[PDB]
Each structure stands twice: as structure tokens, then as C-alpha cells.
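Participant: Mind having a look at this structure? Questions to follow.
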Amino acid sequence: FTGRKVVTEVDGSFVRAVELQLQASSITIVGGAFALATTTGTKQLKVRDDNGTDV
Amino acid sequence: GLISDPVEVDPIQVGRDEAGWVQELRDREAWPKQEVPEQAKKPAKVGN
């Protein structure tokens, strides 16, 4: 059995924690131009930003 | 056949190619780089 809680303030705000994220300036499609083996073939795309994050 | 006859196709080779686990690789000297072969990205079998 489990339980979890996020401790917020009296007014309701959450100040005990901070979230940081990396800015993204551009994105590219991994692998560049690709050719399917067959017409009916499918390929799952992957997009990565300038930081290498899979977006 | 005969002993002097040319070497015939090995059934082991046929089964080996049917299983499709012989490693295919990108041509090292090709430019631009080739796309990855179909077998090089085949998933692991769910069982055996």
C-alpha cells in the first residue's frame, strides 16, 4: 500500500521545489533522408533537438 | 550424383539463411552512408 503528497503553501502555492528545463533552439530528424525498403514498409521517426533530447 | 559433380547447395546454408541471423552490414566504402539493412534492425524473437 502506498501514498504520496505534494506539500503546498497555505495560500495554495508550491514554493518548496523548482523545475528547470533546457532551452531548445532547433530540431532535426535523426537519420536525415531515408528510403523505405518497400512501399508498404513503415519507419518510426525520431526527432532530436540541439541538446540531443528525443522530442 | 557423382563425386566429380560440382558442389551442391548445403541444406544447412538454406536453413541458416531462412533463420536470417547472419549479420548484414553497411558498405564501409560507400558514400553517402547506406541506409541500415533490414536484418540489422529486426527485433529479437519473442520466443525461439
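To be explicit about the labels: the chains of the C-alpha cells are called A, B, and onward in the order shown, and within each one the residues are counted from 1, while ligands get numbers from 1 in the order they are shown.
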List the spatial neighbours of residue 37 in chain B as a PDB file with N, CA and C atoms, in the first residue's frame - criterion: any atom at most 10 Å away, only C-alpha atoms, same-chain residues fewer than 2 positions off excluded.
Facilitator:
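Final output, saved to result_23.pdb:
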```
ATOM      1  N   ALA A  37      12.345   0.285 -47.511  1.00  0.00           N
ATOM      2  CA  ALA A  37      12.712  -0.919 -48.249  1.00  0.00           C
ATOM      3  C   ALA A  37      11.625  -1.303 -49.244  1.00  0.00           C
TER       4      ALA A  37
ATOM      5  N   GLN B  23      24.784 -11.810 -40.000  1.00  0.00           N
ATOM      6  CA  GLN B  23      24.902 -10.364 -39.880  1.00  0.00           C
ATOM      7  C   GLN B  23      25.149  -9.717 -41.237  1.00  0.00           C
ATOM      8  N   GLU B  24      24.261  -8.805 -41.626  1.00  0.00           N
ATOM      9  CA  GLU B  24      24.489  -7.911 -42.754  1.00  0.00           C
ATOM     10  C   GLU B  24      24.877  -6.537 -42.234  1.00  0.00           C
ATOM     11  N   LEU B  25      25.771  -5.878 -42.961  1.00  0.00           N
ATOM     12  CA  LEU B  25      26.409  -4.656 -42.511  1.00  0.00           C
ATOM     13  C   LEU B  25      26.385  -3.635 -43.634  1.00  0.00           C
ATOM     14  N   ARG B  26      26.503  -2.369 -43.255  1.00  0.00           N
ATOM     15  CA  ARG B  26      26.603  -1.304 -44.237  1.00  0.00           C
ATOM     16  C   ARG B  26      27.949  -1.349 -44.947  1.00  0.00           C
ATOM     17  N   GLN B  34      25.146   4.199 -46.529  1.00  0.00           N
ATOM     18  CA  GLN B  34      23.934   3.491 -46.894  1.00  0.00           C
ATOM     19  C   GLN B  34      22.954   3.465 -45.730  1.00  0.00           C
ATOM     20  N   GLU B  35      21.690   3.241 -46.061  1.00  0.00           N
ATOM     21  CA  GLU B  35      20.697   3.004 -45.031  1.00  0.00           C
ATOM     22  C   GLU B  35      20.938   1.641 -44.395  1.00  0.00           C
ATOM     23  N   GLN B  39      17.764  -6.732 -41.966  1.00  0.00           N
ATOM     24  CA  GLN B  39      18.092  -7.692 -40.917  1.00  0.00           C
ATOM     25  C   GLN B  39      18.812  -7.037 -39.747  1.00  0.00           C
ATOM     26  N   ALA B  40      19.616  -6.009 -40.009  1.00  0.00           N
ATOM     27  CA  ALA B  40      20.356  -5.346 -38.947  1.00  0.00           C
ATOM     28  C   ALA B  40      19.447  -4.706 -37.910  1.00  0.00           C
ATOM     29  N   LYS B  41      18.168  -4.509 -38.230  1.00  0.00           N
ATOM     30  CA  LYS B  41      17.215  -3.887 -37.324  1.00  0.00           C
ATOM     31  C   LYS B  41      16.021  -4.782 -37.017  1.00  0.00           C
ATOM     32  N   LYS B  42      16.108  -6.076 -37.296  1.00  0.00           N
ATOM     33  CA  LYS B  42      15.000  -6.972 -36.981  1.00  0.00           C
ATOM     34  C   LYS B  42      14.939  -7.207 -35.477  1.00  0.00           C
TER      35      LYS B  42
END
```
Participant: Which residues of chain A come within 10 Å of chain B, and what is each one's closest atom pair and distance in Å (one decimal), counting only C-alpha atoms, sorted by chain and residue number, as a Markdown table?
Facilitator:
```
| residue | atom | partner | partner_atom | distance |
| --- | --- | --- | --- | --- |
| A:31 | CA | B:35 | CA | 8.8 |
| A:33 | CA | B:35 | CA | 9.4 |
| A:34 | CA | B:35 | CA | 7.0 |
| A:35 | CA | B:35 | CA | 7.5 |
| A:36 | CA | B:35 | CA | 9.2 |
| A:37 | CA | B:38 | CA | 7.6 |
```
Participant: If DSSP is run on the backbone, what residues of chain B are helix (DSSP H, G or I)? A reply as a PDB file with N, CA and C atoms, in the first residue's frame would be ideal.
Facilitator:
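And here's out-v1.pdb as it stands now:
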```
ATOM      1  N   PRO B  11      21.945 -27.927 -47.310  1.00  0.00           N
ATOM      2  CA  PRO B  11      20.720 -27.624 -46.556  1.00  0.00           C
ATOM      3  C   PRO B  11      20.966 -26.795 -45.309  1.00  0.00           C
ATOM      4  N   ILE B  12      22.128 -26.952 -44.672  1.00  0.00           N
ATOM      5  CA  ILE B  12      22.465 -26.124 -43.518  1.00  0.00           C
ATOM      6  C   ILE B  12      22.515 -24.656 -43.917  1.00  0.00           C
ATOM      7  N   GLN B  13      23.089 -24.358 -45.084  1.00  0.00           N
ATOM      8  CA  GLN B  13      23.134 -22.982 -45.567  1.00  0.00           C
ATOM      9  C   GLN B  13      21.735 -22.447 -45.853  1.00  0.00           C
ATOM     10  N   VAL B  14      20.863 -23.286 -46.415  1.00  0.00           N
ATOM     11  CA  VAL B  14      19.491 -22.866 -46.695  1.00  0.00           C
ATOM     12  C   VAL B  14      18.763 -22.533 -45.401  1.00  0.00           C
ATOM     13  N   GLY B  15      18.872 -23.409 -44.403  1.00  0.00           N
ATOM     14  CA  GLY B  15      18.227 -23.139 -43.129  1.00  0.00           C
ATOM     15  C   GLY B  15      18.815 -21.932 -42.427  1.00  0.00           C
ATOM     16  N   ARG B  16      20.130 -21.752 -42.538  1.00  0.00           N
ATOM     17  CA  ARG B  16      20.790 -20.602 -41.940  1.00  0.00           C
ATOM     18  C   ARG B  16      20.281 -19.302 -42.543  1.00  0.00           C
ATOM     19  N   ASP B  17      20.107 -19.269 -43.864  1.00  0.00           N
ATOM     20  CA  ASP B  17      19.557 -18.076 -44.497  1.00  0.00           C
ATOM     21  C   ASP B  17      18.076 -17.904 -44.187  1.00  0.00           C
ATOM     22  N   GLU B  18      17.341 -19.006 -44.025  1.00  0.00           N
ATOM     23  CA  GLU B  18      15.933 -18.910 -43.653  1.00  0.00           C
ATOM     24  C   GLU B  18      15.768 -18.304 -42.265  1.00  0.00           C
ATOM     25  N   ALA B  19      16.632 -18.688 -41.321  1.00  0.00           N
ATOM     26  CA  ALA B  19      16.569 -18.110 -39.982  1.00  0.00           C
ATOM     27  C   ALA B  19      16.884 -16.621 -39.991  1.00  0.00           C
ATOM     28  N   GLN B  39      17.764  -6.732 -41.966  1.00  0.00           N
ATOM     29  CA  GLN B  39      18.092  -7.692 -40.917  1.00  0.00           C
ATOM     30  C   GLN B  39      18.812  -7.037 -39.747  1.00  0.00           C
ATOM     31  N   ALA B  40      19.616  -6.009 -40.009  1.00  0.00           N
ATOM     32  CA  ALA B  40      20.356  -5.346 -38.947  1.00  0.00           C
ATOM     33  C   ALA B  40      19.447  -4.706 -37.910  1.00  0.00           C
ATOM     34  N   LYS B  41      18.168  -4.509 -38.230  1.00  0.00           N
ATOM     35  CA  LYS B  41      17.215  -3.887 -37.324  1.00  0.00           C
ATOM     36  C   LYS B  41      16.021  -4.782 -37.017  1.00  0.00           C
TER      37      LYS B  41
END
```
Participant: Looking at B:20, B:6, B:32, B:1, which one is nearest to residue 45 in chain B, with distances taken over only C-alpha atoms?
Facilitator: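 Distance minimum relative to residue 45 in chain B lands on B:20.
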Participant: Identify, with DSSP run on backbone atoms, the residues in range 8-49 of chain A assigned to strand (DSSP E), and express the list as a list in words.
Facilitator: residues 27, 28, 29, 47, 48 and 49 of chain A
Participant: Which residues, written as a list in words, have at least one atom at most 12 Å from residue 26 in chain A, with only C-alpha atoms counted and residues fewer than 5 positions away on the same chain left out?
Facilitator: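 Near residue 26 in chain A, the qualifying residues are residues 47, 48, 49, 50, 51, 52, 53 and 55 of chain A.
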Participant: Distance CA of residue 43 in chain A-CA of residue 48 in chain B, one decimal place?
Facilitator: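 Distance reported for this atom pair: 25.4 Å.
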Participant: Could you tell me how far CA of residue 33 in chain B sits from CA of residue 25 in chain A, in Å to one decimal place?
Facilitator: 27.3 Å
Participant: I'd like the interatomic distance between CA of residue 41 in chain A and CA of residue 29 in chain B, to a tenth of an Å.
Facilitator: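 Computing it gives 26.7 Å between the two atoms.
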Participant: Just the residues within 10 Å of residue 6 in chain A, please, counting only C-alpha atoms, with nothing from its chain fewer than 5 positions along; format it as an NGL selection string.
Facilitator: :A and (14 or 16-17)
